[PDB]
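> Pasting a structure here, questions to come.
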Amino acid sequence: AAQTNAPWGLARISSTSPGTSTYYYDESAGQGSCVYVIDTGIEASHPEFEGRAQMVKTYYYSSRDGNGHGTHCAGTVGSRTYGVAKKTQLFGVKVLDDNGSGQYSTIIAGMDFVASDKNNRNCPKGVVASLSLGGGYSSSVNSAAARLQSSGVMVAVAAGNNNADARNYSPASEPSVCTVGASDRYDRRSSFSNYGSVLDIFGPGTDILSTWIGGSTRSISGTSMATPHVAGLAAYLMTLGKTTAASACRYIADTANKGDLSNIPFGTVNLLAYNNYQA
Ligand SMILES: [Ca+2]
């Protein structure tokens, strides 16, 4: 399948070269997979989600996304227009308040929730969790991310936006999960993207168009935006039978575009997520 005039980031993950605007993908489009978006929530009523999104948990007085960030990330995973995996099921877990903040104990609770909750959902092709959040190093937070991964969920995490080594941020620094940096439409590392030997992969993170609250859309930047590209790609590949939750990060790195990025510090991988689709 081909979607013309796609957001640049969708075009980029289905291309060997920058500078094109068509997203090429298998029509299966992540059907039968599930993706948990652990964030500020999801505006499930947004037309772009077509009834495929729902809120399953909150730790606040409401499950509503009063911020926008979680809706945007969910949009990049699985919205009809802006998403990688256009037929995936999206589940929202609201660990961040409407200011975008959360205590680590809440975030930890949210990750352990997903490890259990996946047993209550129909996801025959596999389960992914997308975590577009972080903060300073915490062994407790890393341990929670490692447990979620161990439980059979592909965990994709944002590297952070400090232009620093991601080894000092959590859960970015947990080795067993898939830590995602950000690139721009000219194949440069995004200027804010963290880096380091703990990164596994880069995805599109600068000027990413997706869903927003109030039934709207907007373009924003961050490793928060790169992470859902990789989460959506994992869901897509698992539907196709190419990989599993345990192996998906490795498979994505093995099949990535290699050596195409600029401004990669020595010691950081030069790997850009790629869906390997040949129509
Ligand atoms: Ca890793």
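Numbering, chain A: per Swiss-Prot, residues 106-384 in sequence.
Header lists the method as X-ray crystallography, 1.8 Å.
Including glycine, each Cβ sits where the backbone N, Cα and C put it.
What Swiss-Prot shows for this protein is this:
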{"type": "ACT_SITE", "residues": "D144", "note": "active site, charge relay system"}
{"type": "ACT_SITE", "residues": "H174", "note": "active site, charge relay system"}
{"type": "ACT_SITE", "residues": "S329", "note": "active site, charge relay system"}
{"type": "BINDING", "residues": "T121, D365", "note": "Ca(2+) 2 binding site"}
{"type": "BINDING", "residues": "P280, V282, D305", "note": "Ca(2+) 1 binding site"}
{"type": "DISULFID", "residues": "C139-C228", "note": "disulfide bond"}
{"type": "DISULFID", "residues": "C283-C354", "note": "disulfide bond"}
> When the Cβ positions of the recorded positions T121, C139, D144, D365 are compared with the atoms of ligand 1, which fall under 6 Å?
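None, as no Cβ falls under 6 Å.
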> Check the DSSP secondary structure of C354 (disulfide bond), expressed as helix, strand or coil.
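It is helical.
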> Same chain, not part of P280, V282, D305: whose C-beta falls within 8 angstroms of the C-beta centre of the Ca(2+) 1 site? Give them in sequence order.
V262, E279, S281, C283, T284, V303, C354
> Taking only C-alpha atoms and a 10 A limit, tell me which of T121, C139, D144, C283, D365 are near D305 (Ca(2+) 1 binding site). These are the recorded positions.
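Checking each Cα against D305 (Ca(2+) 1 binding site), the hits are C283.
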> Out of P280, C283, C354, give those recorded positions positioned within 10 angstroms of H174 (active site, charge relay system), comparing C-alpha atoms, in sequence order.
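Passing the 10 Å Cα cut: none.
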> In which DSSP state, out of helix, strand and coil, do we find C139 (disulfide bond)?
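Assignment for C139 (disulfide bond) reads strand.
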> Give me the CA-CA distance between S329 (active site, charge relay system) and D144 (active site, charge relay system), in Å, as a whole number.
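So the alpha carbons of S329 (active site, charge relay system) and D144 (active site, charge relay system) sit roughly 10 Å from each other.
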> Where does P280 (Ca(2+) 1 binding site) sit by DSSP, helix, strand or coil?
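Note: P280 (Ca(2+) 1 binding site) is coil by DSSP, not helix or strand.
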> For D365 (Ca(2+) 2 binding site), list the number of other Cβ atoms lying within 10 Å of its Cβ atom.
18
> Do you see any of the recorded positions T121, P280, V282, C283, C354, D365 whose C-alpha is within 10 Å of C139 (disulfide bond), and which ones?
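For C139 (disulfide bond), the recorded positions whose Cα atoms are within 10 Å come to none.
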> Which of the recorded positions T121, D144, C354, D365 has its Cα closest in space to the Cα of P280 (Ca(2+) 1 binding site)?
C354
> Among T121, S329, the recorded positions in question, whose Cβ has the most other Cβ atoms within 10 Å in this structure?
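Max Cβ neighbours within 10 Å, all protein chains included: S329.
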